[PDB]
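Protein sequence lines correspond, in order, to chains A and A'. A prime marks a further copy of an entry chain. Just so you know, the first sequence maps onto residues 60 to 340, 349 to 373, 378 to 480 in the deposited numbering. Just so you know, the second sequence maps onto residues 60 to 340, 349 to 373, 378 to 480 in the deposited numbering. Ideal Cβ placement from N, Cα and C applies to all residues, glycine included.
2 protein chains.
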Amino acid sequence: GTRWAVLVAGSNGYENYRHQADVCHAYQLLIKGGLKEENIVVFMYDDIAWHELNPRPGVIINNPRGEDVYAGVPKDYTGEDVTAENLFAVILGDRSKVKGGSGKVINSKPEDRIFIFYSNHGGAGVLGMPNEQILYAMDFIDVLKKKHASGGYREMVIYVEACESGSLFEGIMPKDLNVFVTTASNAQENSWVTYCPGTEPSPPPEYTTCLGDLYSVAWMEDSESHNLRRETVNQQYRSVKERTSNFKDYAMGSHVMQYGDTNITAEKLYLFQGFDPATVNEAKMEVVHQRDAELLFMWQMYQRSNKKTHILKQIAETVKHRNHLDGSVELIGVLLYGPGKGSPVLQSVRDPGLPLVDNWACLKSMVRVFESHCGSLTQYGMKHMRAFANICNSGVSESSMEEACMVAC
Amino acid sequence: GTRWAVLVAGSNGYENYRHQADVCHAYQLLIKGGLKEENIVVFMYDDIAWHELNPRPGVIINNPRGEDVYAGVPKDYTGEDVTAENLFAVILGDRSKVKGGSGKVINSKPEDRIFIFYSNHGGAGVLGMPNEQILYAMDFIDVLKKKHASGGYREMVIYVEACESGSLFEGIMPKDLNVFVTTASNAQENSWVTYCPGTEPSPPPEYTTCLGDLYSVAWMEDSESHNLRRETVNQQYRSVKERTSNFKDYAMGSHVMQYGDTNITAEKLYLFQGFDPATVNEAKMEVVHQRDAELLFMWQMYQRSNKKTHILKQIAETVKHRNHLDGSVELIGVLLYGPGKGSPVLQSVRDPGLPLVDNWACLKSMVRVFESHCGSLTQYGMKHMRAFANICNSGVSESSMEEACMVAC
Ligand SMILES: *[C@@H]1O[C@H](CO)[C@@H](O)[C@H](O)[C@H]1NC(C)=O
Ligand SMILES: *[C@@H]1O[C@H](CO)[C@@H](O)[C@H](O)[C@H]1NC(C)=O
Numbered sequence: 060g061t062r063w064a065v066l067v068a069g070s071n072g073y074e075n076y077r078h079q080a081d082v083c084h085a086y087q088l089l090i091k092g093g094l095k096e097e098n099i100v101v102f103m104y105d106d107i108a109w110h111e112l113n114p115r116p117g118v119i120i121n122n123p124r125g126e127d128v129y130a131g132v133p134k135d136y137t138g139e140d141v142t143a144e145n146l147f148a149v150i151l152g153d154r155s156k157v158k159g160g161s162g163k164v165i166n167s168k169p170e171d172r173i174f175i176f177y178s179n180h181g182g183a184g185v186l187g188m189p190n191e192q193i194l195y196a197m198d199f200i201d202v203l204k205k206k207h208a209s210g211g212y213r214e215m216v217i218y219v220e221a222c223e224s225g226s227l228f229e230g231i232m233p234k235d236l237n238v239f240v241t242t243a244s245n246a247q248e249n250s251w252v253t254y255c256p257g258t259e260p261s262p263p264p265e266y267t268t269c270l271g272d273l274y275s276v277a278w279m280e281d282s283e284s285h286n287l288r289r290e291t292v293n294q295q296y297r298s299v300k301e302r303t304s305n306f307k308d309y310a311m312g313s314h315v316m317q318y319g320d321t322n323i324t325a326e327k328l329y330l331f332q333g334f335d336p337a338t339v340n349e350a351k352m353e354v355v356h357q358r359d360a361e362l363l364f365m366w367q368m369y370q371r372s373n378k379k380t381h382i383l384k385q386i387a388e389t390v391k392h393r394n395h396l397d398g399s400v401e402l403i404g405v406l407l408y409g410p411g412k413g414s415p416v417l418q419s420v421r422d423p424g425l426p427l428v429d430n431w432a433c434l435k436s437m438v439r440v441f442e443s444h445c446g447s448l449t450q451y452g453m454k455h456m457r458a459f460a461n462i463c464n465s466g467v468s469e470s471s472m473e474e475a476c477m478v479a480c
Numbered sequence: 060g061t062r063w064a065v066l067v068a069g070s071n072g073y074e075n076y077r078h079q080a081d082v083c084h085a086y087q088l089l090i091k092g093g094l095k096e097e098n099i100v101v102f103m104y105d106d107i108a109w110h111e112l113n114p115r116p117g118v119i120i121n122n123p124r125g126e127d128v129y130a131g132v133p134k135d136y137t138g139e140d141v142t143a144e145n146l147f148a149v150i151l152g153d154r155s156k157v158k159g160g161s162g163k164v165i166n167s168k169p170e171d172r173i174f175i176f177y178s179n180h181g182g183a184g185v186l187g188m189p190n191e192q193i194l195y196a197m198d199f200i201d202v203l204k205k206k207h208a209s210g211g212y213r214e215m216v217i218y219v220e221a222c223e224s225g226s227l228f229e230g231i232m233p234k235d236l237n238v239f240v241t242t243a244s245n246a247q248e249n250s251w252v253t254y255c256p257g258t259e260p261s262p263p264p265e266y267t268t269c270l271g272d273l274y275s276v277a278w279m280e281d282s283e284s285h286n287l288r289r290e291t292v293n294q295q296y297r298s299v300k301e302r303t304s305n306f307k308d309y310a311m312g313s314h315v316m317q318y319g320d321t322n323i324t325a326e327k328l329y330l331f332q333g334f335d336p337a338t339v340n349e350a351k352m353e354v355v356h357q358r359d360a361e362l363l364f365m366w367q368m369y370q371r372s373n378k379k380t381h382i383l384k385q386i387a388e389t390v391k392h393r394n395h396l397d398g399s400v401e402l403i404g405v406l407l408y409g410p411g412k413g414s415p416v417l418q419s420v421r422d423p424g425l426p427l428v429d430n431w432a433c434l435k436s437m438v439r440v441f442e443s444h445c446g447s448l449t450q451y452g453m454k455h456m457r458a459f460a461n462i463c464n465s466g467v468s469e470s471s472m473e474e475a476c477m478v479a480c
C-alpha cells in the first residue's frame with residue numbers, strides 16, 4: 060500500500076513560529092523516510108519563513124541545531140486556505156469539496172495507511188485554525204467515521220499537539236475505526252513549548268520566538284534517531300510520554316494520552332512514517356505554557372528594542392483583552408449560578424473517559440452567543456471552552472445564556 | 060485600676076451588617092461585666108439598625124438566637140467620624156485631636172487596662188475604615204508606642220478581625236509595650252464569616268445578610284459562656300483558635316495568631332473584659356470568605372425579588392469593578408517584571424516573622440500612585456496590598472511605578 064500524511068499548523072503569527080516549524084520538520088522527516096510529496100498534504104499559513112522579524116529569511120528551524128526545514132515544503136493549503144473545511148475535505152479525499160489551495164487531497168485506497176499530525180493551540184474539545192477559526196472535536200470524529208465508512212484506508216495514526224488535547228477524543232473516539240491517536244496532554248492539562256529565548260537548551264541567540272513544542276519535537280527527534288523498521292508505535296508512544304512528562308513534573312509537563320485502536324501500537328512505525336536508510340543502528352527541559360509563549364515573545368521584543380513603547384502598549388492591550396474575556400466568562404457563571412457556585416460549575420472537569428459535553432451543537436451555540444455579545448474568543452479564548460461546555464451540560468437554556476451574556480457584555 | 064475599651068467596625072453598608080453586629084455585641088458583653096459606658100469608645104458607622112433593608116427596624120442581632128445588641132450602644136464616633144485619625148486620637152486619649160463625635164477618648168491612667176476589638180475587612184498590612192479609607196499597620200504600631208511612652212496603661216489586649224490580619228503585627232509589633240494581640244488569621248489567610256442566609260447554623264429566615272464573623276463570635280460567645288474571673292486570656296486564645304480553625308480545615312477556616320507580650324496570657328480575662336455575676340459555673352460551621360459575603364448578599368436579594380434586573384446589573388458592575396482592579400494589578404506586575412515573573416513577584420508571601428514591607432512610606436506611595444491612575448482601591452482592593460508591598464520590596468522606583476500605572480490605566 061501507499062503511505063499518506065496530513066500535517067497541520069493551526070496558528071499563524073511570528074509568536075507562533077514553532078507550530079509551522081514543527082509541521083515543516085515533520086514534512087522533511089517523512090520525505091527522508093520515503094513517503095512521496097504527492098501523498099503528503101501540508102496546511103501552513105506560511106507567514107514565517109519571510110516574516111520581517113525572521114532573523115534567517117527563507118529559513119525555518121525546529122531545534123537549536125539550526126537545520127532548515129522550510130526548503131521543499133509544498134504550498135498545499137496556505138494563508139486563507141488553512142480552514143477546518145479544507146482539512147475535512149482533504150481527509151475525505153474529495154477534491155471537489157476543497158476551496159482554494161493546491162487541490163491535493165487524501166484520495167487513498169483501502170490498503171493505504173495515513174498519518175496525521177496537528178500542532179498549535181486548543182482547548183477543551185476544540186482546536187485552533189488561523190485567524191479566529193475553531194475546529195470542534197466531534198466534527199473531526201465525524202470526518203473519521205465518514206472516511207472509515209468509505210473504505211479509504213487500512214489504518215491511521217493521529218498525533219495532536221495542543222492544550223487539553225485529550226478532550227478531543229475522551230468519551231467520543233470510537234475504537235472500531237482502525238485509528239490510533241495520541242495527544243500531547245490529557246483532557247485538562249495545557250501543552251508545553253520548548254526551545255524558547257531565555258531557556259536551556261539554548262536556541263540560536265538571534266531568535267525571539269520559541270522554536271518547537273515539547274510533544275512534537277519529542278516524537279520527531281525520536282523518529283529520526285531510530286530505525287523505524289524496528290521501532291514500534293508503542294515504543295514511540297512510551298518514549299514520547301516520558302519525555303513530555305518532563306521527569307514526571309506535571310507543573311512543567313503533561314500526560315501524553317492514547318485513544319482509539321491500541322492494537323496499532325504493535326505495528327512498526329515505518330508503515331506510517333517511512334524509513335530512513337541512514338538510521339541503521349536526559350535533562351529536564353525548561354518549558355513554557357502554550358498560552359504564555361505569545362507574551363514571552365512580546366517581552367523578548369520589548370527588552371531588545373529602543378519602538379520600545381509601541382511594544383509595551385501592545386503588551387498592555389493583549390493582557391487587557393485576556394482580562395476582559397476571563398472576567399466576562401466568570402461573570403456569566405455568576406449570573407447563571409450565583410457567586411460561590413459559578414466557578415465550581417464553569418471549572419469542574421468531568422471524570423476521565425466521559426465526553427466533554429453531551430450536546431456538541433449546544434457548545435457551538437454557546438460560543439456563538441458569547442462572541443455575538445462579548446466579542447471574538449481568539450485563540451486564547453479556547454481556554455474557556457470547558458466553561459461553555461459546562462453551561463451546556465448544566466441544562467441552562469440558550470435563552471438564559473442570551474440574557475446573561477447581554478448583562479455581562 | 061479602671062478597665063477601658065475601644066470597639067471599631069471598619070465598614071459600612073447593609074452587606075456588612077455583621078461588623079457592627081460584632082461591635083454592638085462586644086459592647087453589651089463589656090457592660091454586663093461591669094465596665095462603665097464612659098470608658099468604652101464605640102466606632103460604628105451606624106447605618107444598620109434603621110437601614111431600609113433591616114427586617115427588624117431598630118434592632119441588630121449577632122447570632123441566630125436573635126437577641127438585640129443595639130439598644131444602649133453609645134454614639135461616640137459614627138458616620139463620617141469613623142476615621143483612622145479619630146481612632147488614633149481616641150487611643151492616645153487627647154480629646155483635642157478628635158474631629159467630631161462625642162469627644163470620648165481613652166484618657167487612661169498608668170494602672171488602667173485597655174481592651175481593643177476591631178472587626179471588618181483588611182488586607183496585607185492594612186485595615187479598612189468606612190468609605191474607602193485605609194489604616195496602615197505601622198501607623199497603628201506607632202500609636203501604641205506613643206501611648207506606651209506616655210505611661211497611659213498597665214496592660215492592653217487587642218483582638219483584630221480582618222483578612223490577613225497577622226500581617227498587621229508580624230515583624231513590627233514590639234514585645235515591650237505591655238500589649239498582647241490576637242488576630243483572626245495569619246499574614247496571608249482570609250477571615251471567615253458566620254451565620255449567613257443559606258448556611259447552618261441558620262440565622263432567622265428574614266435576614267439576607269450575614270450576622271457575625273467567625274473569630275469575633277468565637278471569642279464573644281466564649282466569654283459570655285464562662286466565668287471570666289477564672290478563665291485566662293490564654294484559655295480564650297486556645298478556644299478561639301480551635302473554633303476559628305473549623306476542625307483544622309483551612310480551606311474553611313484560619314489560623315488565629317498571637318503577637319506582643321505573651322506573659323499577659325496568664326492573666327484572668329476579667330481584668331480586661333469585666334465579669335458577669337450570673338456566669339458562676349461542636350459542629351463544623353458553614354462559613355464564607357469576608358470578600359465573598361457582599362456578593363452572596365446581593366445574590367440573596369436577587370433571588371428574593373421580582378427591581379430584579381436592577382440588582383443583577385448591580386451584581387454585574389460589582390464583579391466588573393473587581394475584574395478591573397485584579398487585571399490592572401496583574402498588568403502592572405507584567406509591565407514591571409515581565410510575564411512569568413509578575414505574578415510570582417506580586418504574590419510571593421514573606422516568611423513568617425518578617426515585616427510585610429520594608430518601607431511603609433513607599434507602600435502608601437504605591438497605593439497613591441495606583442489610585443490616581445487606576446481609581447480607588449475600595450475595601451475589596453486591600454487584597455492587592457501585598458502586591459504593592461512586594462513592588463516596594465523589589466526596589467522598583469516610584470518613577471517606574473508611575474510609568475507602569477499610566478500604561479496600565
Ligand atoms: C485488538 O485485536 C484483538 C485480537 O487479538 C481483539 O481481541 C481486540 O478486541 C482488538 N481491540 C480493539 C480495540 O479493536
Ligand atoms: C515575661 O516575663 C518573664 C518573667 O518571668 C521574662 O523572663 C520574659 O522576658 C517576659 N517576656 C516578655 C515577652 O516580656
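Item	Value
If you measure between the beta carbons of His356 (chain A') and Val252 (chain A'), is that distance less than 9 Å?	yes
Please name the residues in the segment 421-454 of chain A whose beta-carbon is closer than 8 Å to at least one beta-carbon of chain A', in chain order.	none
Cβ of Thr324 (chain A') within 8 Å of any heavy atom in ligand 3?	Ligands in the displayed structure: ligand 1 and ligand 2; ligand 3 is not one of them.
Does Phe441 (chain A) come out as helix, strand or coil in the three-state DSSP assignment?	helix
Would you mind telling me which residues of chain A' sit closer than 7 Å to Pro410 (chain A), beta carbon to beta carbon, in chain order?	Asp359, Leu362, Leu363, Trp366
Residues of chain A with a CB under 9 Å from the CB of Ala458 (chain A'): which are they?	None at all; the shortest Cβ gap to chain A is about 15 Å.
If you measure from the beta carbon of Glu401 (chain A') to each beta carbon in chain A, is any gap under 9 Å?	yes
Anything in chain A' within Cβ reach of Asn394 (chain A), meaning under 9 Å, just list it in chain order.	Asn394, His395, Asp397, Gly398, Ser399, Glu401, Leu402
Could you tell me whether the Cβ of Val467 (chain A') comes closer than 9 Å to any Cβ of chain A?	no
For the candidate residues A:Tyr329, A:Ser284, A:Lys351, whose alpha-carbon lies nearest to that of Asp308 (chain A)?	A:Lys351
Below 8 Å CB to CB, which residues in the same chain sit around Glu97 (chain A') once its five sequence neighbours on both sides are set aside?	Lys163
Rounded to whole angstroms, how far is the Cβ of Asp106 (chain A') from the Cβ of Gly271 (chain A'), which I believe are closer than 8 Å?	So it is not a contact: roughly 18 Å between Cβ atoms.
Kindly list the residues whose CB is nearer than 8 Å to the CB of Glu469 (chain A), restricted to its own chain and excluding five residues on each side of it in sequence; keep chain order.	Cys433, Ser436, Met437, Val440
So if DSSP puts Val240 (chain A') in a beta bridge, which residue, or which two residues, is it bridged to?	A':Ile217, A':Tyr318
For ligand 1, I want to know if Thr291 (chain A) counts as a neighbour, meaning its beta carbon is within less than 8 Å of at least one of the ligand's heavy atoms.	no
Once the 5 residues before and after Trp431 (chain A') are set aside, which same chain residues still bring their CB inside 7 Å of it?	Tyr195, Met197
I think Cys222 (chain A') touches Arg358 (chain A'), with their Cβ atoms under 8 Å apart; what is that distance to the nearest whole Å?	7 Å
Mark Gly92 (chain A) as exposed unless 16 or more other C-beta atoms lie within 10 angstroms of its C-beta, in which case mark it buried.	buried
Ends of the beta strand (DSSP E) at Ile193 (chain A')?	192-195
Go to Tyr86 (chain A), then tell me how far its alpha helix (DSSP H) extends in each direction, as first and last residue.	76-91
I want to verify the contact list: residues of chain A' whose CB lies under 9 Å from the CB of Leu273 (chain A), in sequence order.	In chain order: nothing, as chain A' lies at least about 16 Å away.
Have a look at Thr303 (chain A) and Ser399 (chain A') and give me their C-alpha separation to the nearest angstrom.	35 Å
Could you tell me whether the Cβ of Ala310 (chain A) comes closer than 9 Å to any Cβ of chain A'?	no
Could you tell me whether the Cβ atoms of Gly125 (chain A) and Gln450 (chain A) are closer together than 9 Å?	no
If the cut is a Cβ gap below 7 Å, which residues of chain A' does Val238 (chain A) touch?	In chain order: nothing, as chain A' lies at least about 37 Å away.
Would you tell me roughly how many angstroms separate the C-alpha atoms of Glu248 (chain A) and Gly72 (chain A'), rounded to the nearest one?	42 Å
Count the other CB atoms within 10 Å of the CB of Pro189 (chain A'); is the residue buried (16 or more) or exposed (fewer)?	buried
Does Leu417 (chain A) come within less than 9 Å of chain A' when only Cβ atoms are used?	no
Among residues of its own chain, excluding the 5 on either side of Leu328 (chain A'), which ones have a beta-carbon nearer than 7 Å to its beta-carbon?	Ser282, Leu287, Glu290, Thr291, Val292, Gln295
Can you list, in chain order, the residues of its chain whose CB lies under 7 Å from that of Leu146 (chain A'), leaving out five sequence neighbours each side?	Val67, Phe102
Only counting the same chain, and skipping five residues up and downstream in sequence, which positions put a Cβ closer than 8 Å to that of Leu448 (chain A')?	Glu191, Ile193, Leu396, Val438, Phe441, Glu442, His455
Going by CA-CA distance only, name the one from A:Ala243, A:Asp422, A:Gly60 that's closest to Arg297 (chain A).	A:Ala243
What does the Cβ neighbour count give for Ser226 (chain A'), buried or exposed, with the cut at 16 atoms within 10 Å?	buried
By Cβ distance, which residues of its chain are closer than 6 Å to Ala148 (chain A), with the 5 residues on each side in sequence left out?	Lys156, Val157
Quick one: which chain A' residues come within Cβ less than 9 Å of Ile386 (chain A)?	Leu402, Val405, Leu406, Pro410, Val478
Counting contacts by CB-CB distance shorter than 9 Å, is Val355 (chain A) in contact with chain A'?	yes
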